[PDB]
Amino acid sequence: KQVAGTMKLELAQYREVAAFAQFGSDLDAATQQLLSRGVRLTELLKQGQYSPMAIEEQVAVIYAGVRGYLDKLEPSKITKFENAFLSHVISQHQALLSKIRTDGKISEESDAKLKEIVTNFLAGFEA
Amino acid sequence: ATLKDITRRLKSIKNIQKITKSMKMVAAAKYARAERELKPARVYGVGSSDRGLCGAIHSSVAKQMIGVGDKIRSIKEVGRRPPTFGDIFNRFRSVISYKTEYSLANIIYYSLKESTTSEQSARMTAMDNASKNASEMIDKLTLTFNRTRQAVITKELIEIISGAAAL
Amino acid sequence: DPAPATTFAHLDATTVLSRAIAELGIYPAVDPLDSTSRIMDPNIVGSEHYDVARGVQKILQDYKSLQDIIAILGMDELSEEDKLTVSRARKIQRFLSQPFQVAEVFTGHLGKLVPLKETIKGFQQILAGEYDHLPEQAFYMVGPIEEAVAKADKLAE
Amino acid sequence: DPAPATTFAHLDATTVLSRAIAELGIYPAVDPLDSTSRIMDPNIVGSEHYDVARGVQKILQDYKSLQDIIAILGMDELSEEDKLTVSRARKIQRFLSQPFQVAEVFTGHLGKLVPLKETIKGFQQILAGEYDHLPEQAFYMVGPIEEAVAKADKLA
């Protein structure tokens, strides 16, 4: 519920400006941002076949996008990022995924955890 | 004619309307900067470009006519960024209209500051008009589509009715 | 039309031919954005075959989504990577065409048969930018990618 | 289409609920320009009801025309007449919102049923410029124009 509302809004804001993209070089940073955030959430909605996700795996992925951690990441690299990022959180942060389920949401503590997992991961990713 | 033809034409002109409206916006922000930047470089002046789609800017000077603007050589990198001192002309009247060693560089800069102020107004206007035309063409093609939609349904039904009735 | 529409569900692979494409001189007139196969699956054809196929379709879909637009708004008003996809898609469009042995009386060209790995490789290469120097027409009506290179030399002089 | 066409022959008014309007927090989410009425006629509702509605429509129409210039020139480039229309139109938009009695449970806010004469009076006076000095958010989620004043006084 939490992360999905923000995604819905930012995709809707994206849809309005979506045509300013391929025909835009001299855009203001406000609409440059909406486009960037938009193309990136769009990438996070892509999904392989025959591999449905647990709700907490889904929120973890959307978190990365809606919090702006993937804004500087190149669009083509997002699918690779997600797969890898998710493989990581599943392998090493089962308790964090266990928490997001138990808590029913992302607490301040889970938020903090994710912030440091994503940032450091992303840094490693673009190394 | 066909629903398939109308759907395709409608798909294309709906986009064109969105592009030309966004281009109007790009050219609107570039004009306002070039309009306030004109005033100090005007009284100073007593002592085209690469980019098209801006009305008769490029053609008007060519009719009057080494050239500045790549649309002159074809009929570089000028028009894109607002002219500095480091970088026949169109004199800005309003958004809707225009008219076609150191003392040399004074004239170069003045004509350039005048040109992109006239260009960004005319492209803003051209793009405004193209977006409005597209918008009418959309409403018109939508009405055509729905007349054709209704006829296809009715035609198809009458074919069915006539076949059944003849049994 | 009810007849072909009802037929689709009975097939494992569909090749869809288009008059718009044939009108262009592109033969076989296969719509690369309307032809499907059940075995088009990375776990069956391998991820290399799959990734190139999806890459080819993406660039054709992107070029299609620009067609009607730039056709009236100008080619020069494009991003330097947009006009790179437009040139690459136009070349891929052509590299999809092929002289058929059976079609010699229609083409005036000797027929060509292109093995799988060579097809993958060729398109894979055009996607990676490897032939941006080569002209469009070099890719038109040929077999393997080496013939697109040979034809490019022959068109020079 | 035959169905709506036939129906329209019988309609005396339309209430158009807009998803765009709701997203701006305006409830009820009535589109004030898209919604029409056959009896919006001075021969029916009176010249005073009419001219205030037209004035409201005109100003909300005018406000939209300037919204392209808003995103380009910014707000501090408008004329003293045009700055005032933006102000008044924004105040009118918010004064069109209304708390509903039926929605008290969901919101806690007390519901309002505004009489016709207080509705006309209220909007009459925003156009005249009798509340230009008032902050814009004072007219939001309010009943009669007296509650727009009582809300404006309450804010620091």
# chains A, B, ... in the order shown; residues from 1 in each chain; ligands from 1
>>> interface_residues(of="chain D", to="chain A", cutoff="12 Å", atoms="only C-alpha atoms", output="PyMOL selection string")
chain D and resi 20+23+71-72
>>> interface_residues(of="chain C", to="chain B", cutoff="8 Å", atoms="only C-alpha atoms", output="JSON, numbers by chain")
{"C": [68, 69, 73, 77]}
>>> interface_residues(of="chain A", to="chain B", cutoff="9 Å", atoms="only C-alpha atoms", output="list in words")
residues 17, 19, 20, 23, 24, 26 and 27 of chain A
>>> write_last_selection(atoms="N, CA, C and O atoms", output="short mmCIF file (atom, residue, chain, number, x, y, z; two decimals), in the first residue's frame")
data_model
loop_
_atom_site.label_atom_id
_atom_site.label_comp_id
_atom_site.auth_asym_id
_atom_site.auth_seq_id
_atom_site.Cartn_x
_atom_site.Cartn_y
_atom_site.Cartn_z
N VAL A 17 4.23 13.77 -19.16
CA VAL A 17 5.43 14.37 -19.74
C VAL A 17 6.15 13.39 -20.68
O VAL A 17 7.12 13.75 -21.34
N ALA A 19 6.01 12.31 -23.55
CA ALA A 19 6.26 12.66 -24.95
C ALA A 19 7.32 13.75 -25.11
O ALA A 19 7.79 14.03 -26.22
N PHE A 20 7.72 14.35 -23.99
CA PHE A 20 8.75 15.38 -23.97
C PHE A 20 10.15 14.73 -23.97
O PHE A 20 11.16 15.43 -24.01
N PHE A 23 11.97 13.90 -27.75
CA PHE A 23 11.99 15.22 -28.38
C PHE A 23 12.25 16.31 -27.34
O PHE A 23 11.64 17.38 -27.35
N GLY A 24 13.19 16.03 -26.43
CA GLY A 24 13.56 16.98 -25.40
C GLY A 24 15.03 16.90 -25.03
O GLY A 24 15.52 15.87 -24.57
N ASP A 26 16.39 20.37 -24.18
CA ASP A 26 16.37 21.63 -23.43
C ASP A 26 15.17 21.66 -22.48
O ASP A 26 14.33 22.57 -22.54
N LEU A 27 15.10 20.66 -21.60
CA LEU A 27 14.04 20.59 -20.61
C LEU A 27 14.52 21.18 -19.29
O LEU A 27 15.72 21.19 -19.02
#
>>> select_by_dssp(residues="stretch 66-145 of chain B", states="alpha helix (DSSP H)", output="JSON, numbers by chain")
{"B": [70, 71, 72, 73, 102, 103, 104, 105, 106, 107, 108, 109, 110, 111, 112, 113, 114, 115, 116, 117, 118, 119, 120, 121, 122, 123, 124, 125, 126, 127, 128, 129, 130, 131, 132, 133, 134, 135, 136, 137, 138, 139, 140, 141, 142, 143, 144, 145]}
>>> residues_around(residues="residue B:117", least_positions_apart="5", cutoff="8 Å", atoms="only C-alpha atoms", output="ChimeraX atom specification")
/B:31,34-35,38,92
>>> write_last_selection(atoms="N, CA, C and O atoms", output="CSV table (one decimal), in the first residue's frame")
chain,number,residue,atom,x,y,z
B,31,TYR,N,12.3,31.9,-25.5
B,31,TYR,CA,11.9,33.2,-26.0
B,31,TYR,C,12.0,34.2,-24.8
B,31,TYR,O,12.6,35.3,-25.0
B,34,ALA,N,15.4,35.3,-24.1
B,34,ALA,CA,15.9,36.1,-25.2
B,34,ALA,C,15.2,37.4,-25.4
B,34,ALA,O,15.6,38.3,-26.1
B,35,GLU,N,14.0,37.6,-24.7
B,35,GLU,CA,13.3,38.8,-24.7
B,35,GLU,C,13.8,39.8,-23.7
B,35,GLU,O,13.9,41.0,-24.0
B,38,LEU,N,17.3,41.0,-24.7
B,38,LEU,CA,17.3,41.9,-25.8
B,38,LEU,C,17.4,43.4,-25.4
B,38,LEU,O,18.2,44.1,-26.0
B,92,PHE,N,12.9,41.8,-34.2
B,92,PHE,CA,11.8,41.5,-33.3
B,92,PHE,C,10.9,42.7,-33.1
B,92,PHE,O,11.3,43.8,-32.7
>>> residues_around(residues="stretch 53-67 of chain C", least_positions_apart="3", cutoff="6 Å", atoms="only C-alpha atoms", output="PyMOL selection string")
chain C and resi 50+70-71+86+89
>>> write_last_selection(atoms="N, CA and C atoms", output="PDB file, in the first residue's frame")
ATOM      1  N   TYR C  50      17.564 -15.468 -27.911  1.00  0.00           N
ATOM      2  CA  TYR C  50      16.453 -14.711 -27.361  1.00  0.00           C
ATOM      3  C   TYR C  50      16.737 -13.208 -27.275  1.00  0.00           C
ATOM      4  N   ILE C  70       8.437  11.875 -36.871  1.00  0.00           N
ATOM      5  CA  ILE C  70       9.527  12.582 -37.556  1.00  0.00           C
ATOM      6  C   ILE C  70       9.240  12.798 -39.040  1.00  0.00           C
ATOM      7  N   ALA C  71       8.298  12.020 -39.573  1.00  0.00           N
ATOM      8  CA  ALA C  71       7.921  12.064 -40.985  1.00  0.00           C
ATOM      9  C   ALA C  71       7.362  13.421 -41.387  1.00  0.00           C
ATOM     10  N   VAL C  86      17.272   4.858 -35.487  1.00  0.00           N
ATOM     11  CA  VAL C  86      16.553   5.008 -36.758  1.00  0.00           C
ATOM     12  C   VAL C  86      17.372   4.468 -37.926  1.00  0.00           C
ATOM     13  N   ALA C  89      17.667   0.486 -37.242  1.00  0.00           N
ATOM     14  CA  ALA C  89      16.408  -0.217 -37.478  1.00  0.00           C
ATOM     15  C   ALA C  89      16.145  -0.345 -38.970  1.00  0.00           C
TER      16      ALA C  89
END
>>> residues_around(residues="stretch 82-97 of chain A", least_positions_apart="4", cutoff="9 Å", atoms="only C-alpha atoms", output="PyMOL selection string")
chain A and resi 44+56-57+60-61+64+77-78+101-102+110+113-114+117-118+121-122
>>> interface_residues(of="chain D", to="chain B", cutoff="10 Å", atoms="only C-alpha atoms", output="ChimeraX atom specification")
/D:1-2,68-69,71-73
>>> write_last_selection(atoms="N, CA and C atoms", output="PDB file, in the first residue's frame")
ATOM      1  N   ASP D   1     -23.558   8.011 -30.266  1.00  0.00           N
ATOM      2  CA  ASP D   1     -24.084   6.656 -30.207  1.00  0.00           C
ATOM      3  C   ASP D   1     -25.565   6.768 -29.874  1.00  0.00           C
ATOM      4  N   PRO D   2     -26.425   5.968 -30.548  1.00  0.00           N
ATOM      5  CA  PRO D   2     -27.868   5.979 -30.319  1.00  0.00           C
ATOM      6  C   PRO D   2     -28.260   5.996 -28.849  1.00  0.00           C
ATOM      7  N   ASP D  68      -0.566  28.367 -19.053  1.00  0.00           N
ATOM      8  CA  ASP D  68       0.570  28.114 -19.941  1.00  0.00           C
ATOM      9  C   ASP D  68       1.644  29.171 -19.722  1.00  0.00           C
ATOM     10  N   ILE D  69       1.197  30.394 -19.449  1.00  0.00           N
ATOM     11  CA  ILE D  69       2.079  31.525 -19.180  1.00  0.00           C
ATOM     12  C   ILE D  69       2.644  31.437 -17.753  1.00  0.00           C
ATOM     13  N   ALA D  71       3.631  28.536 -16.214  1.00  0.00           N
ATOM     14  CA  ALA D  71       4.762  27.615 -16.246  1.00  0.00           C
ATOM     15  C   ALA D  71       5.968  28.187 -16.992  1.00  0.00           C
ATOM     16  N   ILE D  72       5.740  29.232 -17.786  1.00  0.00           N
ATOM     17  CA  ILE D  72       6.796  29.834 -18.605  1.00  0.00           C
ATOM     18  C   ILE D  72       7.357  31.127 -18.000  1.00  0.00           C
ATOM     19  N   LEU D  73       6.504  32.137 -17.833  1.00  0.00           N
ATOM     20  CA  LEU D  73       6.936  33.439 -17.317  1.00  0.00           C
ATOM     21  C   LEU D  73       7.044  33.488 -15.796  1.00  0.00           C
TER      22      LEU D  73
END
>>> interface_residues(of="chain C", to="chain A", cutoff="8 Å", atoms="only C-alpha atoms", output="ChimeraX atom specification")
/C:77-79,82
>>> write_last_selection(atoms="N, CA, C and O atoms", output="JSON list (two decimals), in the first residue's frame")
[["chain", "number", "residue", "atom", "x", "y", "z"],
["C", 77, "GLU", "N", 15.69, 17.12, -35.93],
["C", 77, "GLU", "CA", 15.20, 17.44, -34.58],
["C", 77, "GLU", "C", 15.30, 16.25, -33.62],
["C", 77, "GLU", "O", 14.59, 16.20, -32.61],
["C", 78, "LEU", "N", 16.19, 15.31, -33.92],
["C", 78, "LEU", "CA", 16.30, 14.07, -33.15],
["C", 78, "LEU", "C", 17.56, 13.99, -32.29],
["C", 78, "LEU", "O", 18.59, 14.57, -32.63],
["C", 79, "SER", "N", 17.44, 13.25, -31.19],
["C", 79, "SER", "CA", 18.58, 12.89, -30.35],
["C", 79, "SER", "C", 19.62, 12.11, -31.17],
["C", 79, "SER", "O", 19.26, 11.38, -32.09],
["C", 82, "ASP", "N", 18.77, 8.61, -30.94],
["C", 82, "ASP", "CA", 17.52, 8.32, -31.63],
["C", 82, "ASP", "C", 17.79, 8.06, -33.11],
["C", 82, "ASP", "O", 17.36, 7.04, -33.65]]
>>> atom_distance(atom1="atom CA of residue C:15", atom2="atom CA of residue C:40")
12.9 Å
>>> residues_around(residues="stretch 108-117 of chain D", least_positions_apart="4", cutoff="9 Å", atoms="only C-alpha atoms", output="list in words")
residues 49, 98, 99, 100, 101, 102, 103, 104, 121, 122, 141, 142, 143 and 144 of chain D
>>> write_last_selection(atoms="N, CA, C and O atoms", output="JSON list (two decimals), in the first residue's frame")
[["chain", "number", "residue", "atom", "x", "y", "z"],
["D", 49, "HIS", "N", -28.37, 35.26, -10.36],
["D", 49, "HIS", "CA", -27.86, 33.89, -10.36],
["D", 49, "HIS", "C", -27.04, 33.65, -11.62],
["D", 49, "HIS", "O", -25.94, 33.10, -11.57],
["D", 98, "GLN", "N", -16.86, 21.55, -0.81],
["D", 98, "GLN", "CA", -17.83, 21.57, 0.29],
["D", 98, "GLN", "C", -17.70, 20.28, 1.11],
["D", 98, "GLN", "O", -17.63, 19.19, 0.54],
["D", 99, "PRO", "N", -17.65, 20.41, 2.45],
["D", 99, "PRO", "CA", -17.70, 19.21, 3.29],
["D", 99, "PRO", "C", -19.11, 18.63, 3.25],
["D", 99, "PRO", "O", -20.08, 19.39, 3.22],
["D", 100, "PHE", "N", -19.23, 17.31, 3.21],
["D", 100, "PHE", "CA", -20.54, 16.68, 3.18],
["D", 100, "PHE", "C", -20.88, 16.06, 4.52],
["D", 100, "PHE", "O", -20.01, 15.49, 5.18],
["D", 101, "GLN", "N", -22.15, 16.17, 4.91],
["D", 101, "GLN", "CA", -22.63, 15.60, 6.17],
["D", 101, "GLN", "C", -22.48, 14.09, 6.18],
["D", 101, "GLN", "O", -22.15, 13.48, 7.20],
["D", 102, "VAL", "N", -22.72, 13.50, 5.01],
["D", 102, "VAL", "CA", -22.67, 12.06, 4.80],
["D", 102, "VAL", "C", -21.22, 11.52, 4.93],
["D", 102, "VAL", "O", -21.02, 10.31, 5.11],
["D", 103, "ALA", "N", -20.25, 12.42, 4.87],
["D", 103, "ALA", "CA", -18.83, 12.07, 4.96],
["D", 103, "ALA", "C", -18.17, 12.48, 6.29],
["D", 103, "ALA", "O", -16.94, 12.52, 6.40],
["D", 104, "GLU", "N", -18.99, 12.77, 7.31],
["D", 104, "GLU", "CA", -18.52, 13.18, 8.63],
["D", 104, "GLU", "C", -17.71, 12.09, 9.35],
["D", 104, "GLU", "O", -16.71, 12.38, 10.01],
["D", 121, "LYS", "N", -24.47, 34.83, -3.04],
["D", 121, "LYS", "CA", -23.80, 35.91, -2.31],
["D", 121, "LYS", "C", -22.30, 35.66, -2.18],
["D", 121, "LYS", "O", -21.50, 36.54, -2.51],
["D", 122, "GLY", "N", -21.94, 34.47, -1.72],
["D", 122, "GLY", "CA", -20.54, 34.11, -1.48],
["D", 122, "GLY", "C", -19.65, 34.34, -2.68],
["D", 122, "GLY", "O", -18.67, 35.09, -2.60],
["D", 141, "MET", "N", -12.74, 23.65, 1.63],
["D", 141, "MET", "CA", -13.60, 22.81, 2.48],
["D", 141, "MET", "C", -14.41, 23.62, 3.48],
["D", 141, "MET", "O", -14.29, 23.45, 4.70],
["D", 142, "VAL", "N", -15.25, 24.50, 2.94],
["D", 142, "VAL", "CA", -16.02, 25.45, 3.72],
["D", 142, "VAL", "C", -17.45, 25.50, 3.19],
["D", 142, "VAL", "O", -17.68, 25.20, 2.01],
["D", 143, "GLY", "N", -18.40, 25.83, 4.06],
["D", 143, "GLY", "CA", -19.79, 26.02, 3.66],
["D", 143, "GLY", "C", -20.01, 27.42, 3.12],
["D", 143, "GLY", "O", -19.50, 27.76, 2.05],
["D", 144, "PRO", "N", -20.78, 28.25, 3.85],
["D", 144, "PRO", "CA", -21.04, 29.64, 3.48],
["D", 144, "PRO", "C", -19.79, 30.51, 3.58],
["D", 144, "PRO", "O", -18.81, 30.13, 4.21]]
>>> residues_around(residues="stretch 12-14 of chain A", least_positions_apart="3", cutoff="12 Å", atoms="only C-alpha atoms", output="ChimeraX atom specification")
/A:5-9,17-21,30-42 /D:20,23
>>> write_last_selection(atoms="C-alpha atoms", output="mmCIF file, in the first residue's frame")
data_model
loop_
_atom_site.group_PDB
_atom_site.id
_atom_site.type_symbol
_atom_site.label_atom_id
_atom_site.label_comp_id
_atom_site.auth_asym_id
_atom_site.auth_seq_id
_atom_site.Cartn_x
_atom_site.Cartn_y
_atom_site.Cartn_z
ATOM 1 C CA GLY A 5 0.809 4.880 -3.951
ATOM 2 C CA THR A 6 4.040 6.761 -4.677
ATOM 3 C CA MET A 7 4.738 4.646 -7.741
ATOM 4 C CA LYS A 8 1.189 5.189 -9.058
ATOM 5 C CA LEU A 9 1.533 8.957 -8.655
ATOM 6 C CA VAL A 17 5.431 14.369 -19.740
ATOM 7 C CA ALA A 18 6.293 11.060 -21.484
ATOM 8 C CA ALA A 19 6.258 12.663 -24.952
ATOM 9 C CA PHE A 20 8.755 15.381 -23.970
ATOM 10 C CA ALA A 21 11.431 12.645 -23.759
ATOM 11 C CA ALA A 30 11.768 19.444 -12.847
ATOM 12 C CA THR A 31 10.447 17.614 -15.940
ATOM 13 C CA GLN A 32 13.851 15.965 -16.552
ATOM 14 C CA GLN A 33 13.403 14.380 -13.112
ATOM 15 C CA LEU A 34 9.826 13.195 -13.723
ATOM 16 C CA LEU A 35 11.020 11.507 -16.928
ATOM 17 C CA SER A 36 14.039 9.902 -15.238
ATOM 18 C CA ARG A 37 12.007 8.622 -12.280
ATOM 19 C CA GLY A 38 9.336 7.459 -14.735
ATOM 20 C CA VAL A 39 11.542 5.401 -17.063
ATOM 21 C CA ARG A 40 13.051 3.742 -13.994
ATOM 22 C CA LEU A 41 9.819 2.657 -12.277
ATOM 23 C CA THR A 42 8.709 1.352 -15.697
ATOM 24 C CA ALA D 20 -8.485 15.426 -12.299
ATOM 25 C CA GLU D 23 -6.686 14.751 -7.343
#
>>> atom_distance(atom1="atom CA of residue B:49", atom2="atom CA of residue B:133")
25.5 Å
>>> select_by_dssp(residues="stretch 79-134 of chain B", states="strand (DSSP E or B)", output="ChimeraX atom specification")
/B:91-92,98-99
>>> write_last_selection(atoms="N, CA, C and O atoms", output="PDB file, in the first residue's frame")
ATOM      1  N   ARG B  91      14.449  41.560 -37.258  1.00  0.00           N
ATOM      2  CA  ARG B  91      14.196  42.464 -36.137  1.00  0.00           C
ATOM      3  C   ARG B  91      12.860  42.158 -35.454  1.00  0.00           C
ATOM      4  O   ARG B  91      11.799  42.218 -36.081  1.00  0.00           O
ATOM      5  N   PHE B  92      12.942  41.840 -34.163  1.00  0.00           N
ATOM      6  CA  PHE B  92      11.790  41.528 -33.318  1.00  0.00           C
ATOM      7  C   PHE B  92      10.857  42.725 -33.106  1.00  0.00           C
ATOM      8  O   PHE B  92      11.288  43.787 -32.659  1.00  0.00           O
ATOM      9  N   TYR B  98       7.746  40.212 -37.036  1.00  0.00           N
ATOM     10  CA  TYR B  98       9.147  40.609 -37.148  1.00  0.00           C
ATOM     11  C   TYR B  98       9.379  41.177 -38.552  1.00  0.00           C
ATOM     12  O   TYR B  98       8.589  40.912 -39.466  1.00  0.00           O
ATOM     13  N   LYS B  99      10.440  41.964 -38.726  1.00  0.00           N
ATOM     14  CA  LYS B  99      10.783  42.493 -40.050  1.00  0.00           C
ATOM     15  C   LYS B  99      12.196  42.093 -40.471  1.00  0.00           C
ATOM     16  O   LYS B  99      13.120  42.084 -39.655  1.00  0.00           O
TER      17      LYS B  99
END
>>> atom_distance(atom1="atom CA of residue A:125", atom2="atom CA of residue A:43")
16.8 Å
